[PDB]
Amino acid sequence: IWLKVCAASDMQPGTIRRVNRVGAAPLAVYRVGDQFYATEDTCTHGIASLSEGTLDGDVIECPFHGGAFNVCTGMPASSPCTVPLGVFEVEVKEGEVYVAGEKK
Amino acid sequence: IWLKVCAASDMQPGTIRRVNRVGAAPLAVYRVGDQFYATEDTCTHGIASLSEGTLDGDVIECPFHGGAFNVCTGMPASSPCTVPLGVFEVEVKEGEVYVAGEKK
Amino acid sequence: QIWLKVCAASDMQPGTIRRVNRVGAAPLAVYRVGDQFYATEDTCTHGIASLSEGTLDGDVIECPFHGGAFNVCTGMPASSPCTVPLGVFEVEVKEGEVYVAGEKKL
Amino acid sequence: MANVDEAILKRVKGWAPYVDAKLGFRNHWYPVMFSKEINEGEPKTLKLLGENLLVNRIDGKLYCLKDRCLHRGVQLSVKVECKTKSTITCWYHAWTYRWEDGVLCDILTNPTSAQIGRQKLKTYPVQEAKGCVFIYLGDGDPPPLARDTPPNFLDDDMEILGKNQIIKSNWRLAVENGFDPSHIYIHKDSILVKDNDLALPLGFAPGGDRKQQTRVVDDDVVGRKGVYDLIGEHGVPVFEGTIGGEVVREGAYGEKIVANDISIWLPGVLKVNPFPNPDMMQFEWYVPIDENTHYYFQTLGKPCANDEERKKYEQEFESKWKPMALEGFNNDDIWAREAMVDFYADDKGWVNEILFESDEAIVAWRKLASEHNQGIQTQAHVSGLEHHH
Amino acid sequence: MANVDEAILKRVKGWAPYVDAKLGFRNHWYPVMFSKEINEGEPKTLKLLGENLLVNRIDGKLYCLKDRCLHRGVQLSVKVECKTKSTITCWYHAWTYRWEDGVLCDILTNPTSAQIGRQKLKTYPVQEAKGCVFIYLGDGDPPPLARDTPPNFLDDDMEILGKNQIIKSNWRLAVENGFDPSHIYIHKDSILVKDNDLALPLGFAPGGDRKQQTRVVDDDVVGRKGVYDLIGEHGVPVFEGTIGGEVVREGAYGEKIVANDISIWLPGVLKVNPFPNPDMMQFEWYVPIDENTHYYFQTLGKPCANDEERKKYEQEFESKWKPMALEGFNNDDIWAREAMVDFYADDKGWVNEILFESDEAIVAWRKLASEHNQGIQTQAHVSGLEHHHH
Amino acid sequence: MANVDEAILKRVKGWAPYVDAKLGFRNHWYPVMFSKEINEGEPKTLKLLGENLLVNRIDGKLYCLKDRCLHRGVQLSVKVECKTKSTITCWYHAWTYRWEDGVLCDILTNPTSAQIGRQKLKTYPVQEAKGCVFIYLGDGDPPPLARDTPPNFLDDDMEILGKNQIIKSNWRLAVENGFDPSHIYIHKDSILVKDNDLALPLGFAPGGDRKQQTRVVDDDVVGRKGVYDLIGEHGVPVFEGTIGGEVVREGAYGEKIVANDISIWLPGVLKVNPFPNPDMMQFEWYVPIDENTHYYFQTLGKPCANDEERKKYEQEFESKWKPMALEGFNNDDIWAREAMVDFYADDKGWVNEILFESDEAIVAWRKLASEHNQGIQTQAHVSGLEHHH
Ligand code: FES
Ligand code: FES
Ligand code: FES
Ligand code: FES
Ligand code: FES
Ligand code: FES
Ligand SMILES: [Fe+2]
Ligand SMILES: [Fe+2]
Ligand SMILES: [Fe+2]
């Protein structure tokens, strides 16, 4: 069920990686420091890709209108975003990053 | 004639005390440092009670529009006030505060 | 008329301006920046103001009418609304006397 | 929140929120039209608290959606396209919304769009009562309509009839004029005074203490918040007007005693009882449309026990009360409000006004409104709330 | 007194106060109407320096009260209620004021109010002279009217006639246009030129030095402060306008010599002598109404020794002078003023204008006005002065 | 720069320059009128990018001078005085300028003035091509006109006919509407559809990835910069519009296939090909007049080899294409643009808009415009550039 995304070392701190899933909406995996988080990639306010946004701490800023989300809770951090982002649990085992197959 | 307000002890410096008089308009007693002063309680710019205002040094600020008066002279200190306030003589005999029956 | 006698170099303090009137011609302005001397037309190119009545900040003269400014060395505009460059006049000191050219450079 | 210069709000410590509420109070019910004005499947437009809204009646029930497409922000009403009974489709790119919950249920120009079912157009509760349409311009589950209506307006036997129109003045100027004890002076020559033989003083000389001049109601069985004008309980009615000791005017010495029970209630509705006749009551709202205008929603209520009395009342309303009272009496209130616009337009009147005794009623209202309103409508509510982390 | 961007004021070091005086100068007399326009017991409204005022005539004397009730700030004029000869009662809550001192003497809605006798509505001095109504828009006892009038306007024998109207431009643009030596060019086709056989150049080629271009008056015994335009004393008048050396326009070669003595005086009144005829004078004010408008108060003076001459003067004024001069000549000044509105509307024109020689007269005026005005009217004066005496 | 609140510009990181360009882009050619509209010695006034301009034809050639005297800043056009063929004299103090270079060559009111020959009124390059008058609202030597025109507009045999008018909306709203793939929905009832037997979908269901939705052109030889709308190359056109799965509207099933080649180019000109007929092309500009208005400069081009064909095309244009297409089809675009004014008027729409898939085209345009525009027109350009040493 879990999706093996990449090696933890494949991501530099403060970067975002888009994860495409055939037959499903893409996800965004964020590396904040040495921690990893995951959410749907599409901003809930439009069609922007959050993986192309700006990560400030644990808050992702959308590249389109400056809306923002806390990548840990998925809750909006800045307007105009109002709809919470879907969140996916992430697990790092033996240096490999895995993301839950289903939102939760 | 002279009316008994309170004991100098009952008032901390920088505080105000309203003096309701039977069959007459109210007065306001102010303790500036270790000196006591008195004026009409009603702001000359309207119907506000200066006793509900804020004292800064020897200047009382009206709570309704922010006008102000010098409590020693009764002269306007801040707009929109323009009409001087009525001042009443105060006397501290035996650590007790008394206010004159009529304005000086 | 090639070289016009202005004054003794000693007569000008650093950072001052002196107006040089000329019969039949427009007045000039001589500036002393440090121990060096420069000159331009006295009339601001943006209007009818007299630059010798303005304020000299280093090598930049500010017009007293609208705040426009020029670089006294090149005559080029330094601040809006000025846009037309000033004519620059060569200045030389001979025997302690300041002389300004009667014709602008170039 | 933040609608007026901070320097001004800092000065009016007694009622800063009220002075800041130029656009009205959010999270309250407001009447905007009469039930008979909106028919089945015929959407109607209106602006309330600065927001453009659309109201529709479907299967007899009213629904309200914000009249602004989520996509490019155009008003859906520019070209209404209700393609199915339960939805409305934007004329631009066909984004389709359900009247019931505002959900974006379809997009004709792209049925595969990921936005479908992931966005929602703002909706507001709508309730009809006494032939009036009330909209809860607020967020979350609404409180009972009774909280925002004066006592007795919703009484079972109370027959309500009225009129509504748009007036060019901020809503607060309207409220204050209505609750102003001394403004009665402007009505001295009203046709109603003579034609309905009303006793009407020019004003009142206050008596007792200022605390007794009004009575604030901080809570009702339904959460109502209001103020009663009690200037007449210890005051002396002034019937003769004098200048330098000489009589220059007289009040009306009619036999009918009216308006001895006046109260103002949040969000801004006045109750005058009895008026314009000893057996009637007047309830009027001053509804904020935008910072410069309001709906003057007038209603006259009379208890009716049967259909015979209701029919009779309606006849009397149309032939007498509407033209003689609602128009003949209140028309002077309209230009009075308009006359106060300039002084308060720059927000400076809130600092420079010189109040006198009868204004204790207005001050009580300003404080009550400041302490118990359910929210300050801001321009950001109109364009879209903003917060930058 | 902060009416303009501080960055702009810092730039115009020669006349900053003037640029800041968008609302006009307080503490000066200003004409607002003619005496015959205000009748006994009939209050009239008007706006001066941004303030709404009411003027009334009682027993023949004029009185001026601010047209804004102290209570809720409504204009008393919305519904005028003068219930006794000496008072006016606000139509709203009946606060009553005395015309003579503005004192709140009664309140019909509450004759027991503590405000009675304690509050006072603003009053302004009013004086009638030469059939004109002047209001002292200022505080404290007023100075003599002569201080704010041009020389000879108040001469016993000087018969004054004129017209007044509201023009859409800031008062300063009107003043500068009027005192502008080179603007004479816009009058080259005026019917007055041909119809009154005037000699009128197209412009002037200045002569002499800067100081000789004008005469700044600041030592007048009556306190008058103004500037005389002396461009014609050393200048060569232009009668043949050329382009590329080729003549494209000529001035007027009439016999009547006029307008060779022009002067501007605070608070903003122009004197043109002799005009429109060799035996007359023109006096015109540009009175501030608000930042976008002004009264164009025009008057023509002609010495008259008796009722016979005064009647003839009146007939000629009505049949010739008013139509041919005040309108036929000055109408072009009106749209000229309006044409400058946009450039100065954002205050930027005060920085970007490119002046030429004849504007020396305008600069002198700007400096005189900046140094000798009696006060800068501010929006706070209009709404209510604001301060904290610290 | 400094046209929009910095807080807003900081939010739209992907296209801030574009959002800031409320007055348009400086240093680009813009069509403002047709050649036949400006006659010899008959100066005409116009406002472009917020600047008042004067255009005149002398010996057949067009000249453009800023309509604002250097002296006291009045418009020369208030009272035009062209005393000599090569000059114009300000009606106020007679400062005279040459149309050819704007140099102040004379001053009738003072022949001795030191300003003569030392001041210069702003002039702008003007060029006539295809019967259209283009003005280069920029500084320095202008680039070839071809850089600011869509492909084929300047083709040797392309006959251009058109119409121009002033529309009340910011130019960007006009540009986006024109290039908006899904706005085709507003044209479903246009008389052109039925009257010219057009095939016209209601919208599109996109296919493929983002990169495939458009083709950004930044490698054109003449230097033109633009974007092609390729939504139809992988997308399934929508002909049956549904709500809840039920068909409520259908597209047009005409035989004529048109507008399958759509591109937008800087400074803001759209090319639709073929349209309104399989053998024609439409080129339209949305020229900035001021922050609130633009010229809707419409042109239709059709190859013509000689006079007989050109004449035939002209007759068809007047009797059919102009009324049926330019007006009958595009009139809906005009009110659509106007409908977006409010949302974007406070600059907040640039932040609050909720976009969907087809807007990928608009986004590409915003990014291209932001990166390749030749300068942002500012209010300072209008009043006079400012700089402090
Ligand atoms: S698309 Fe992300 S903030 Fe708008
Ligand atoms: S009532 Fe005191 S400042 Fe107004
Ligand atoms: S005259 Fe020097 S800046 Fe204008
Ligand atoms: S603006 Fe309503 S669907 Fe696009
Ligand atoms: S506003 Fe004039 S008496 Fe109240
Ligand atoms: S404003 Fe044009 S010559 Fe003076
Ligand atoms: Fe009333
Ligand atoms: Fe003139
Ligand atoms: Fe279209």
# chains A, B, ... in the order shown; residues from 1 in each chain; ligands from 1
>>> calpha_fit_rmsd(fixed="chain D", moving="chain F")
0.3 Å
>>> residues_around(residues="residue 80 of chain A", least_positions_apart="4", cutoff="10 Å", atoms="only C-alpha atoms", output="ChimeraX atom specification")
/A:44-45,65-68,76 /D:384-388 /F:351-354
>>> write_last_selection(atoms="C-alpha atoms", output="PDB file, in the first residue's frame")
ATOM      1  CA  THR A  44      -6.748  23.883  -3.145  1.00  0.00           C
ATOM      2  CA  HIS A  45      -7.260  27.451  -4.426  1.00  0.00           C
ATOM      3  CA  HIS A  65      -1.296  33.786  -5.370  1.00  0.00           C
ATOM      4  CA  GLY A  66       0.786  33.501  -2.214  1.00  0.00           C
ATOM      5  CA  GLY A  67      -1.717  31.296  -0.432  1.00  0.00           C
ATOM      6  CA  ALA A  68      -0.089  28.930   2.064  1.00  0.00           C
ATOM      7  CA  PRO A  76      -4.315  26.908   5.389  1.00  0.00           C
TER       8      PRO A  76
ATOM      9  CA  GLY D 384     -12.052  38.198   0.359  1.00  0.00           C
ATOM     10  CA  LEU D 385     -10.661  37.846   3.874  1.00  0.00           C
ATOM     11  CA  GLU D 386      -6.901  38.119   4.053  1.00  0.00           C
ATOM     12  CA  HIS D 387      -4.219  36.732   6.336  1.00  0.00           C
ATOM     13  CA  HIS D 388      -0.490  36.444   5.649  1.00  0.00           C
TER      14      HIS D 388
ATOM     15  CA  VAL F 351      -5.062  37.245  -5.776  1.00  0.00           C
ATOM     16  CA  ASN F 352      -8.575  35.864  -5.202  1.00  0.00           C
ATOM     17  CA  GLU F 353      -9.389  34.394  -8.633  1.00  0.00           C
ATOM     18  CA  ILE F 354      -9.978  30.618  -8.574  1.00  0.00           C
TER      19      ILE F 354
END
>>> interface_residues(of="chain B", to="chain E", cutoff="8 Å", atoms="only C-alpha atoms", output="list in words")
residues 77, 78, 79, 80 and 83 of chain B
>>> residues_near_ligand(ligand="ligand 5", cutoff="9 Å", atoms="only C-alpha atoms and all ligand atoms", output="VMD selection string")
(chain D and resid 182 to 183 339 to 340 353 to 356) or (chain E and resid 68 to 76 89 to 96 107 to 109)
>>> interface_residues(of="chain D", to="chain B", cutoff="10 Å", atoms="only C-alpha atoms", output="list in words")
residues 8, 9, 10, 11, 12, 13, 14, 15, 16, 208, 210, 350, 351, 352, 353, 354, 355, 356, 357, 358, 359, 360 and 363 of chain D
>>> write_last_selection(atoms="N, CA and C atoms", output="mmCIF file, in the first residue's frame")
data_model
loop_
_atom_site.group_PDB
_atom_site.id
_atom_site.type_symbol
_atom_site.label_atom_id
_atom_site.label_comp_id
_atom_site.auth_asym_id
_atom_site.auth_seq_id
_atom_site.Cartn_x
_atom_site.Cartn_y
_atom_site.Cartn_z
ATOM 1 N N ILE D 8 -8.803 58.366 15.000
ATOM 2 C CA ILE D 8 -10.171 58.683 15.380
ATOM 3 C C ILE D 8 -10.719 57.627 16.337
ATOM 4 N N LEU D 9 -10.507 56.354 16.018
ATOM 5 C CA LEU D 9 -11.000 55.286 16.881
ATOM 6 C C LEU D 9 -10.404 55.389 18.282
ATOM 7 N N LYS D 10 -9.156 55.841 18.363
ATOM 8 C CA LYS D 10 -8.486 55.982 19.650
ATOM 9 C C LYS D 10 -9.161 57.038 20.529
ATOM 10 N N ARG D 11 -9.757 58.047 19.896
ATOM 11 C CA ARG D 11 -10.443 59.115 20.625
ATOM 12 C C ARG D 11 -11.826 58.732 21.162
ATOM 13 N N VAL D 12 -12.586 57.961 20.386
ATOM 14 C CA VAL D 12 -13.929 57.560 20.808
ATOM 15 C C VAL D 12 -13.918 56.275 21.621
ATOM 16 N N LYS D 13 -13.350 56.369 22.818
ATOM 17 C CA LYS D 13 -13.229 55.226 23.712
ATOM 18 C C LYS D 13 -14.554 54.647 24.184
ATOM 19 N N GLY D 14 -15.614 55.445 24.130
ATOM 20 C CA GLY D 14 -16.907 54.964 24.582
ATOM 21 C C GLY D 14 -17.617 54.044 23.607
ATOM 22 N N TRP D 15 -17.282 54.145 22.324
ATOM 23 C CA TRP D 15 -17.955 53.330 21.321
ATOM 24 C C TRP D 15 -17.164 53.159 20.023
ATOM 25 N N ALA D 16 -15.875 52.844 20.148
ATOM 26 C CA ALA D 16 -15.015 52.680 18.980
ATOM 27 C C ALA D 16 -15.502 51.652 17.958
ATOM 28 N N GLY D 208 -34.873 63.653 36.747
ATOM 29 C CA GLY D 208 -34.202 62.515 37.357
ATOM 30 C C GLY D 208 -32.727 62.489 36.998
ATOM 31 N N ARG D 210 -29.336 60.844 34.803
ATOM 32 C CA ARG D 210 -29.082 60.353 33.455
ATOM 33 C C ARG D 210 -29.190 58.836 33.356
ATOM 34 N N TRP D 350 -17.721 62.284 14.216
ATOM 35 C CA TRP D 350 -17.719 61.393 15.371
ATOM 36 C C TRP D 350 -16.842 61.950 16.485
ATOM 37 N N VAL D 351 -16.072 62.988 16.174
ATOM 38 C CA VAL D 351 -15.223 63.619 17.176
ATOM 39 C C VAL D 351 -15.744 65.017 17.515
ATOM 40 N N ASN D 352 -16.190 65.743 16.494
ATOM 41 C CA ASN D 352 -16.637 67.123 16.675
ATOM 42 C C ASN D 352 -18.084 67.430 17.071
ATOM 43 N N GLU D 353 -18.956 66.430 17.033
ATOM 44 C CA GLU D 353 -20.356 66.614 17.406
ATOM 45 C C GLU D 353 -20.445 67.165 18.833
ATOM 46 N N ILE D 354 -21.368 68.095 19.071
ATOM 47 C CA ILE D 354 -21.565 68.638 20.418
ATOM 48 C C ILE D 354 -22.937 68.152 20.879
ATOM 49 N N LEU D 355 -22.937 67.122 21.720
ATOM 50 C CA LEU D 355 -24.178 66.519 22.196
ATOM 51 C C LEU D 355 -24.834 67.256 23.358
ATOM 52 N N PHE D 356 -26.133 67.036 23.549
ATOM 53 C CA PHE D 356 -26.798 67.631 24.695
ATOM 54 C C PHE D 356 -27.605 66.556 25.421
ATOM 55 N N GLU D 357 -28.320 66.936 26.472
ATOM 56 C CA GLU D 357 -29.036 65.966 27.303
ATOM 57 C C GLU D 357 -29.806 64.789 26.694
ATOM 58 N N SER D 358 -30.695 65.044 25.742
ATOM 59 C CA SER D 358 -31.475 63.952 25.158
ATOM 60 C C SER D 358 -30.630 62.934 24.402
ATOM 61 N N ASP D 359 -29.380 63.286 24.114
ATOM 62 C CA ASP D 359 -28.493 62.373 23.398
ATOM 63 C C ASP D 359 -28.010 61.212 24.271
ATOM 64 N N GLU D 360 -28.442 61.176 25.531
ATOM 65 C CA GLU D 360 -28.062 60.066 26.405
ATOM 66 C C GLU D 360 -28.607 58.790 25.762
ATOM 67 N N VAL D 363 -26.148 57.783 23.007
ATOM 68 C CA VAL D 363 -24.924 57.273 23.618
ATOM 69 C C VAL D 363 -25.138 55.853 24.148
#
>>> select_by_dssp(residues="segment 4-244 of chain E", states="strand (DSSP E)", output="ChimeraX atom specification")
/E:28-34,44-48,51-58,61-66,87-89,95-98,104-107,123-124,126-129,132-137,158-163,166-167,198-200,203-205,214-217,226-229,236-238,240-243
>>> write_last_selection(atoms="C-alpha atoms", output="PDB file, in the first residue's frame")
ATOM      1  CA  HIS E  28      -8.054  88.158   4.763  1.00  0.00           C
ATOM      2  CA  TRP E  29     -11.189  89.896   3.466  1.00  0.00           C
ATOM      3  CA  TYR E  30     -12.892  88.390   0.392  1.00  0.00           C
ATOM      4  CA  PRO E  31     -15.768  89.643  -1.780  1.00  0.00           C
ATOM      5  CA  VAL E  32     -18.479  86.999  -2.274  1.00  0.00           C
ATOM      6  CA  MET E  33     -21.509  88.780  -3.715  1.00  0.00           C
ATOM      7  CA  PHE E  34     -22.969  92.191  -4.487  1.00  0.00           C
ATOM      8  CA  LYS E  44     -28.178  83.509   1.669  1.00  0.00           C
ATOM      9  CA  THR E  45     -25.766  80.571   1.512  1.00  0.00           C
ATOM     10  CA  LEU E  46     -22.258  80.415   0.053  1.00  0.00           C
ATOM     11  CA  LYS E  47     -19.019  78.470   0.473  1.00  0.00           C
ATOM     12  CA  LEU E  48     -15.811  80.399   1.218  1.00  0.00           C
ATOM     13  CA  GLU E  51     -16.530  76.654   4.756  1.00  0.00           C
ATOM     14  CA  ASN E  52     -20.319  76.824   4.314  1.00  0.00           C
ATOM     15  CA  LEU E  53     -21.569  80.206   5.484  1.00  0.00           C
ATOM     16  CA  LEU E  54     -24.882  82.003   5.907  1.00  0.00           C
ATOM     17  CA  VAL E  55     -25.289  85.750   5.453  1.00  0.00           C
ATOM     18  CA  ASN E  56     -28.340  87.752   6.520  1.00  0.00           C
ATOM     19  CA  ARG E  57     -29.302  91.427   6.488  1.00  0.00           C
ATOM     20  CA  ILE E  58     -30.984  92.765   9.626  1.00  0.00           C
ATOM     21  CA  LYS E  61     -26.561  95.482   8.479  1.00  0.00           C
ATOM     22  CA  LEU E  62     -24.996  92.207   7.318  1.00  0.00           C
ATOM     23  CA  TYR E  63     -24.173  89.297   9.618  1.00  0.00           C
ATOM     24  CA  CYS E  64     -22.356  86.046   8.872  1.00  0.00           C
ATOM     25  CA  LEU E  65     -22.724  82.740  10.708  1.00  0.00           C
ATOM     26  CA  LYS E  66     -21.155  79.421   9.809  1.00  0.00           C
ATOM     27  CA  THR E  87     -31.968  84.679  15.672  1.00  0.00           C
ATOM     28  CA  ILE E  88     -31.957  81.552  13.550  1.00  0.00           C
ATOM     29  CA  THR E  89     -33.199  78.180  14.800  1.00  0.00           C
ATOM     30  CA  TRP E  95     -30.717  74.929  18.770  1.00  0.00           C
ATOM     31  CA  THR E  96     -31.101  78.694  18.379  1.00  0.00           C
ATOM     32  CA  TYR E  97     -28.293  81.164  17.663  1.00  0.00           C
ATOM     33  CA  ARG E  98     -27.991  84.951  17.681  1.00  0.00           C
ATOM     34  CA  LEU E 104     -26.535  79.524  21.551  1.00  0.00           C
ATOM     35  CA  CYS E 105     -29.279  81.478  23.327  1.00  0.00           C
ATOM     36  CA  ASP E 106     -32.133  78.950  23.308  1.00  0.00           C
ATOM     37  CA  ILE E 107     -32.975  75.342  22.462  1.00  0.00           C
ATOM     38  CA  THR E 123     -19.282  84.177  13.196  1.00  0.00           C
ATOM     39  CA  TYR E 124     -17.268  86.116  10.611  1.00  0.00           C
ATOM     40  CA  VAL E 126     -18.904  91.252   7.094  1.00  0.00           C
ATOM     41  CA  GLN E 127     -18.523  94.684   5.514  1.00  0.00           C
ATOM     42  CA  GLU E 128     -20.133  96.301   2.480  1.00  0.00           C
ATOM     43  CA  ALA E 129     -18.122  98.632   0.270  1.00  0.00           C
ATOM     44  CA  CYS E 132     -19.749  94.617  -2.733  1.00  0.00           C
ATOM     45  CA  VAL E 133     -20.064  92.223   0.195  1.00  0.00           C
ATOM     46  CA  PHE E 134     -16.748  91.319   1.823  1.00  0.00           C
ATOM     47  CA  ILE E 135     -16.351  88.608   4.459  1.00  0.00           C
ATOM     48  CA  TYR E 136     -13.328  88.417   6.741  1.00  0.00           C
ATOM     49  CA  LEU E 137     -12.612  84.692   6.701  1.00  0.00           C
ATOM     50  CA  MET E 158     -14.865 105.579  -7.996  1.00  0.00           C
ATOM     51  CA  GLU E 159     -18.158 104.037  -9.143  1.00  0.00           C
ATOM     52  CA  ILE E 160     -17.955 100.240  -9.043  1.00  0.00           C
ATOM     53  CA  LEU E 161     -19.983  97.871 -11.232  1.00  0.00           C
ATOM     54  CA  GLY E 162     -19.452  94.216 -12.093  1.00  0.00           C
ATOM     55  CA  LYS E 163     -20.443  90.563 -12.160  1.00  0.00           C
ATOM     56  CA  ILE E 166     -18.182  80.354 -10.082  1.00  0.00           C
ATOM     57  CA  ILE E 167     -15.259  79.015 -12.122  1.00  0.00           C
ATOM     58  CA  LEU E 198      -7.362  99.012 -28.708  1.00  0.00           C
ATOM     59  CA  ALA E 199      -3.640  98.897 -29.039  1.00  0.00           C
ATOM     60  CA  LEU E 200      -2.612  95.450 -27.937  1.00  0.00           C
ATOM     61  CA  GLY E 203       3.834  89.845 -25.973  1.00  0.00           C
ATOM     62  CA  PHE E 204       6.992  91.505 -24.690  1.00  0.00           C
ATOM     63  CA  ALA E 205      10.738  91.231 -25.209  1.00  0.00           C
ATOM     64  CA  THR E 214       8.547  94.291 -11.124  1.00  0.00           C
ATOM     65  CA  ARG E 215       7.909  96.526  -8.125  1.00  0.00           C
ATOM     66  CA  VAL E 216       7.207  94.601  -4.940  1.00  0.00           C
ATOM     67  CA  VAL E 217       5.085  96.631  -2.530  1.00  0.00           C
ATOM     68  CA  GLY E 226       1.381  93.362  -3.836  1.00  0.00           C
ATOM     69  CA  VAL E 227       3.451  93.406  -7.007  1.00  0.00           C
ATOM     70  CA  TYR E 228       3.464  95.701 -10.037  1.00  0.00           C
ATOM     71  CA  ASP E 229       4.229  94.271 -13.483  1.00  0.00           C
ATOM     72  CA  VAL E 236      10.093  96.030 -26.495  1.00  0.00           C
ATOM     73  CA  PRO E 237       6.438  95.154 -27.136  1.00  0.00           C
ATOM     74  CA  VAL E 238       5.843  92.474 -29.774  1.00  0.00           C
ATOM     75  CA  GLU E 240       4.828  91.160 -35.278  1.00  0.00           C
ATOM     76  CA  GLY E 241       4.943  87.502 -34.285  1.00  0.00           C
ATOM     77  CA  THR E 242       7.373  85.443 -36.340  1.00  0.00           C
ATOM     78  CA  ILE E 243       8.175  81.796 -37.018  1.00  0.00           C
TER      79      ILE E 243
END
>>> residues_around(residues="residue 69 of chain C", least_positions_apart="6", cutoff="6 Å", atoms="only C-alpha atoms", output="list in words")
residues 61, 62, 63, 77, 78 and 79 of chain C
>>> write_last_selection(atoms="C-alpha atoms", output="short mmCIF file (atom, residue, chain, number, x, y, z; two decimals), in the first residue's frame")
data_model
loop_
_atom_site.label_atom_id
_atom_site.label_comp_id
_atom_site.auth_asym_id
_atom_site.auth_seq_id
_atom_site.Cartn_x
_atom_site.Cartn_y
_atom_site.Cartn_z
CA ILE C 61 24.37 71.86 -7.63
CA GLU C 62 20.69 71.94 -6.62
CA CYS C 63 18.35 74.52 -8.17
CA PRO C 77 21.36 66.51 -14.96
CA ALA C 78 21.58 64.88 -11.52
CA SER C 79 17.97 65.25 -10.35
#
>>> residues_near_ligand(ligand="ligand 4", cutoff="12 Å", atoms="only C-alpha atoms and all ligand atoms", output="count of residues only")
60
>>> residues_near_ligand(ligand="ligand 8", cutoff="9 Å", atoms="only C-alpha atoms and all ligand atoms", output="list in words")
residues 177, 178, 179, 180, 181, 183, 184, 185, 186, 187, 329, 330, 331, 332, 333, 334 and 336 of chain E
>>> interface_residues(of="chain C", to="chain F", cutoff="12 Å", atoms="only C-alpha atoms", output="ChimeraX atom specification")
/C:25-27,41,43-48,57-62,66-71,76-87
>>> residues_around(residues="segment 3-12 of chain A", least_positions_apart="3", cutoff="7 Å", atoms="only C-alpha atoms", output="PyMOL selection string")
chain A and resi 15+31+95-101
>>> write_last_selection(atoms="C-alpha atoms", output="PDB file, in the first residue's frame")
ATOM      1  CA  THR A  15      13.144  21.092  -1.133  1.00  0.00           C
ATOM      2  CA  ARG A  31      11.850  17.776   3.239  1.00  0.00           C
ATOM      3  CA  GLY A  95      17.018   5.766   4.520  1.00  0.00           C
ATOM      4  CA  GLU A  96      14.046   5.242   2.195  1.00  0.00           C
ATOM      5  CA  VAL A  97      11.005   7.542   2.107  1.00  0.00           C
ATOM      6  CA  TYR A  98       7.545   5.962   1.925  1.00  0.00           C
ATOM      7  CA  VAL A  99       4.230   7.801   1.640  1.00  0.00           C
ATOM      8  CA  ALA A 100       0.819   6.398   2.590  1.00  0.00           C
ATOM      9  CA  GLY A 101      -1.288   5.304  -0.361  1.00  0.00           C
TER      10      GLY A 101
END
>>> atom_distance(atom1="atom CA of residue 49 of chain A", atom2="atom 3 (S, counted along the ligand's line) of ligand 1")
9.9 Å
>>> closest_residue(among="E:147, E:320, E:85, E:11", to="chain F", atoms="only C-alpha atoms")
E:11
>>> atom_distance(atom1="atom CA of residue 164 of chain F", atom2="atom CA of residue 26 of chain F")
21.2 Å
>>> residues_around(residues="residue 58 of chain B", least_positions_apart="5", cutoff="7 Å", atoms="only C-alpha atoms", output="ChimeraX atom specification")
/B:32,70-72
>>> residues_near_ligand(ligand="ligand 7", cutoff="6 Å", atoms="only C-alpha atoms and all ligand atoms", output="NGL selection string")
:D and (178 or 184 or 330 or 333)
>>> select_by_dssp(residues="chain B", states="helix (DSSP H, G or I)", output="list in words")
residues 8, 9, 10, 50, 51 and 52 of chain B
>>> atom_distance(atom1="atom 3 (S, counted along the ligand's line) of ligand 6", atom2="atom CA of residue 193 of chain E")
21.2 Å
>>> closest_residue(among="F:253, F:204, F:286, F:136", to="chain D", atoms="only C-alpha atoms")
F:204
>>> decode(residues="segment 36-40 of chain C", atoms="C-alpha atoms", output="CSV table (one decimal), in the first residue's frame")
chain,number,residue,atom,x,y,z
C,36,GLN,CA,39.2,72.7,-7.7
C,37,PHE,CA,37.1,75.1,-9.8
C,38,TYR,CA,34.3,74.5,-12.2
C,39,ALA,CA,31.9,76.6,-14.2
C,40,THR,CA,28.5,76.3,-16.0
